[PDB]
Each structure stands twice: as structure tokens, then as C-alpha cells.
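A.B. asks: Quick one: this structure, given as C-alpha cells, is what I'll be asking you about.
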Amino acid sequence: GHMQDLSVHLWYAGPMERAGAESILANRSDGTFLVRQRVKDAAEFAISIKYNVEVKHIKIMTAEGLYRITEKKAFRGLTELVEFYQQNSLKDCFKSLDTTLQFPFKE
Amino acid sequence: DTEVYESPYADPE
């Protein structure tokens with residue numbers, strides 16, 4: 001939008017909050033995922049995914065202008081991270097998360 | 001509301 005407005009991504013809940021993220025996800029099926037931001041203090045990011053009637057919210061690291069759900073990875077853009085994992089289990093990046101980007105919470 | 005994503009898990013050195 002104005003720049004890196006990830007909000008354009010169906011899985012981007014943008015201003016949504018964690019508890020809020022869980023609200024939809026909690027109601028959605030396992031695998032349901034999304035991303036959100038609202039801490040107008042730290043330009044950080046985190047992905048939220050539905051797992052076993054529960055939601056997994058993992059924070060994304062930022063340093064080299066790269067995005068990673070784990071201190072061991074790095075992507076150039078959420079969309080390249082999220083949409084790329086659609087075919088790569090999150091457990092490969094996530095710590096406990098054992099699934100893939102099944103569907104966005106916005107769906 | 002005033003909550004967010006704490007940190008499910010992280011990997012140390």
C-alpha cells in the first residue's frame with residue numbers, strides 16, 4: 001500500500017492483535033494461519049497458525065532486512081517466507097509447529 | 001486486547 005503494507009496479503013491481519021488472531025484462528029481449523037502487527041514501537045513481525053484447537057504465534061526476526069520465524073532462517077519478504085512454506089512444513093522453520101501454510105485466517 | 005505474541009520457542013547457542 002504505502003510501502004511494505006503486508007496487509008495486502010490475505011494472511012496479514014495487520015492491526016489485528018495476538019488474542020484477536022487467536023479469536024479467528026481458534027474458530028478456524030488446524031493449519032489456519034495469519035500474520036499481524038500493531039506494536040507502533042518495534043517494527044517486528046510474527047506469524048500465527050492454528051494447531052490442535054490452538055494457535056502457534058512465532059515471532060519473525062529482523063536484521064539483514066530479512067524475515068525469519070527462526071533465528072536460523074531468513075527471507076527477503078514475509079510473502080516469500082509464507083508462500084514458500086506453503087510447500088515446506090513450518091517445523092522446518094518453526095520450533096514446535098509441525099504443518100504447512102494450509103489456509104489464511106482471512107479466508 | 002493489550003496482549004501479543006510472547007515467544008512459543010527459540011533456539012540458543
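Each chain of the C-alpha cells is named A, B, ... in the order shown, its residues numbered from 1; ligands are numbered from 1 in display order.
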I'd like a table as JSON lines: residues in chain A with an atom no more than 7 Å from chain B, each row giving the shortest atom pair and its distance in Å to one decimal, only C-alpha atoms counted, sorted by chain and rising residue number.

C.D. replies:
```
{"residue": "A:17", "atom": "CA", "partner": "B:4", "partner_atom": "CA", "distance": 6.0}
{"residue": "A:18", "atom": "CA", "partner": "B:4", "partner_atom": "CA", "distance": 4.4}
{"residue": "A:19", "atom": "CA", "partner": "B:3", "partner_atom": "CA", "distance": 6.5}
{"residue": "A:57", "atom": "CA", "partner": "B:5", "partner_atom": "CA", "distance": 5.8}
{"residue": "A:58", "atom": "CA", "partner": "B:7", "partner_atom": "CA", "distance": 6.2}
{"residue": "A:59", "atom": "CA", "partner": "B:7", "partner_atom": "CA", "distance": 6.6}
{"residue": "A:95", "atom": "CA", "partner": "B:9", "partner_atom": "CA", "distance": 6.0}
```

A.B. asks: If we count only C-alpha atoms, what is near residue A:12 at a cut-off of 8 Å, once residues fewer than 6 positions away on the same chain are taken out, given as a count of residues only?

C.D. replies: 5

A.B. asks: To one decimal place in Å, what is the distance between atom CA of residue A:31 and atom CA of residue A:70?

C.D. replies: 18.5 Å

A.B. asks: Give me the residues near residue A:27 as a list in words, where near means some atom within 12 Å (using only C-alpha atoms) and where sequence neighbours in that chain fewer than 5 positions away do not count.

C.D. replies: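 Close residues of residue A:27: residues 20, 21, 22, 32, 33, 49, 50, 51, 52, 53, 54, 55, 105, 106 and 107 of chain A.
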
A.B. asks: Taking N, CA and C atoms for each residue, export the selection above as a PDB file, in the first residue's frame.

C.D. replies:
```
ATOM      1  N   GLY A  20      -6.615 -11.527  19.378  1.00  0.00           N
ATOM      2  CA  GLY A  20      -7.543 -11.380  18.270  1.00  0.00           C
ATOM      3  C   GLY A  20      -7.224 -12.415  17.210  1.00  0.00           C
ATOM      4  N   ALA A  21      -5.944 -12.528  16.867  1.00  0.00           N
ATOM      5  CA  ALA A  21      -5.518 -13.504  15.879  1.00  0.00           C
ATOM      6  C   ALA A  21      -6.021 -14.882  16.278  1.00  0.00           C
ATOM      7  N   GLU A  22      -5.904 -15.192  17.568  1.00  0.00           N
ATOM      8  CA  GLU A  22      -6.360 -16.481  18.078  1.00  0.00           C
ATOM      9  C   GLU A  22      -7.879 -16.595  17.964  1.00  0.00           C
ATOM     10  N   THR A  32      -4.820 -23.368   9.888  1.00  0.00           N
ATOM     11  CA  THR A  32      -5.167 -21.977   9.603  1.00  0.00           C
ATOM     12  C   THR A  32      -4.059 -21.072  10.117  1.00  0.00           C
ATOM     13  N   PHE A  33      -3.628 -20.113   9.304  1.00  0.00           N
ATOM     14  CA  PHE A  33      -2.540 -19.232   9.730  1.00  0.00           C
ATOM     15  C   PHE A  33      -2.766 -17.772   9.351  1.00  0.00           C
ATOM     16  N   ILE A  49      -0.443 -19.504  13.541  1.00  0.00           N
ATOM     17  CA  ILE A  49      -1.027 -20.666  12.865  1.00  0.00           C
ATOM     18  C   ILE A  49      -1.833 -21.531  13.834  1.00  0.00           C
ATOM     19  N   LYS A  50      -2.932 -22.085  13.324  1.00  0.00           N
ATOM     20  CA  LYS A  50      -3.811 -22.947  14.114  1.00  0.00           C
ATOM     21  C   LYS A  50      -3.256 -24.369  14.196  1.00  0.00           C
ATOM     22  N   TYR A  51      -3.132 -24.876  15.417  1.00  0.00           N
ATOM     23  CA  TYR A  51      -2.625 -26.226  15.632  1.00  0.00           C
ATOM     24  C   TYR A  51      -3.304 -26.876  16.840  1.00  0.00           C
ATOM     25  N   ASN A  52      -3.949 -28.019  16.606  1.00  0.00           N
ATOM     26  CA  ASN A  52      -4.641 -28.745  17.676  1.00  0.00           C
ATOM     27  C   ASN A  52      -5.514 -27.799  18.503  1.00  0.00           C
ATOM     28  N   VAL A  53      -6.607 -27.337  17.896  1.00  0.00           N
ATOM     29  CA  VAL A  53      -7.541 -26.412  18.554  1.00  0.00           C
ATOM     30  C   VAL A  53      -6.809 -25.266  19.253  1.00  0.00           C
ATOM     31  N   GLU A  54      -5.551 -25.062  18.880  1.00  0.00           N
ATOM     32  CA  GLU A  54      -4.743 -23.999  19.464  1.00  0.00           C
ATOM     33  C   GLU A  54      -4.007 -23.214  18.385  1.00  0.00           C
ATOM     34  N   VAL A  55      -3.486 -22.051  18.759  1.00  0.00           N
ATOM     35  CA  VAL A  55      -2.776 -21.204  17.803  1.00  0.00           C
ATOM     36  C   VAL A  55      -1.290 -21.076  18.144  1.00  0.00           C
ATOM     37  N   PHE A 105      -6.211 -17.020   7.869  1.00  0.00           N
ATOM     38  CA  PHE A 105      -7.333 -16.806   8.775  1.00  0.00           C
ATOM     39  C   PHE A 105      -8.427 -15.979   8.095  1.00  0.00           C
ATOM     40  N   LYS A 106      -8.002 -15.081   7.210  1.00  0.00           N
ATOM     41  CA  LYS A 106      -8.910 -14.200   6.499  1.00  0.00           C
ATOM     42  C   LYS A 106      -9.852 -14.945   5.582  1.00  0.00           C
ATOM     43  N   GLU A 107      -9.491 -16.174   5.240  1.00  0.00           N
ATOM     44  CA  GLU A 107     -10.320 -16.968   4.350  1.00  0.00           C
ATOM     45  C   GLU A 107     -11.625 -17.360   5.057  1.00  0.00           C
TER      46      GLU A 107
END
```

A.B. asks: Please identify all polymer residues within 12 Å of residue A:80, counting only C-alpha atoms, omitting same-chain residues fewer than 5 positions from it, and present them as number ranges by chain.

C.D. replies: A: 6, 9, 66-68, 74-75, 85-88

A.B. asks: Report, in Å to a single decimal, how far apart atom CA of residue A:44 and atom CA of residue A:4 are.

C.D. replies: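 Going from atom CA of residue A:4 over to atom CA of residue A:44 covers 12.5 Å.
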
A.B. asks: List as a PyMOL selection string the protein and nucleic acid residues near residue A:42, meaning an atom at most 12 Å away when only C-alpha atoms are counted, but skip any in the same chain fewer than 3 places from it.

C.D. replies: chain A and resi 37-39+45-46+60-62

A.B. asks: Write the residues of the preceding selection, restricted to N, CA and C atoms, as a JSON list (two decimals), in the first residue's frame.

C.D. replies:
```
[["chain", "number", "residue", "atom", "x", "y", "z"],
["A", 37, "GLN", "N", 0.33, -7.10, 13.07],
["A", 37, "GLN", "CA", 1.22, -6.10, 13.66],
["A", 37, "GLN", "C", 0.40, -4.95, 14.25],
["A", 38, "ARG", "N", 0.90, -4.36, 15.33],
["A", 38, "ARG", "CA", 0.19, -3.25, 15.98],
["A", 38, "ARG", "C", 1.10, -2.52, 16.98],
["A", 39, "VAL", "N", 2.24, -3.12, 17.30],
["A", 39, "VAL", "CA", 3.18, -2.51, 18.24],
["A", 39, "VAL", "C", 3.92, -1.33, 17.59],
["A", 45, "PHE", "N", 7.65, -8.53, 13.61],
["A", 45, "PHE", "CA", 6.57, -9.30, 12.98],
["A", 45, "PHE", "C", 6.50, -10.72, 13.54],
["A", 46, "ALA", "N", 5.35, -11.36, 13.38],
["A", 46, "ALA", "CA", 5.15, -12.73, 13.87],
["A", 46, "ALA", "C", 4.03, -13.42, 13.10],
["A", 60, "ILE", "N", 8.89, -13.13, 14.12],
["A", 60, "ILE", "CA", 9.80, -13.10, 12.99],
["A", 60, "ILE", "C", 10.99, -12.19, 13.32],
["A", 61, "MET", "N", 12.20, -12.67, 13.07],
["A", 61, "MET", "CA", 13.39, -11.87, 13.35],
["A", 61, "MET", "C", 13.73, -10.94, 12.20],
["A", 62, "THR", "N", 14.36, -9.81, 12.53],
["A", 62, "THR", "CA", 14.76, -8.83, 11.53],
["A", 62, "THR", "C", 16.15, -8.28, 11.84]]
```
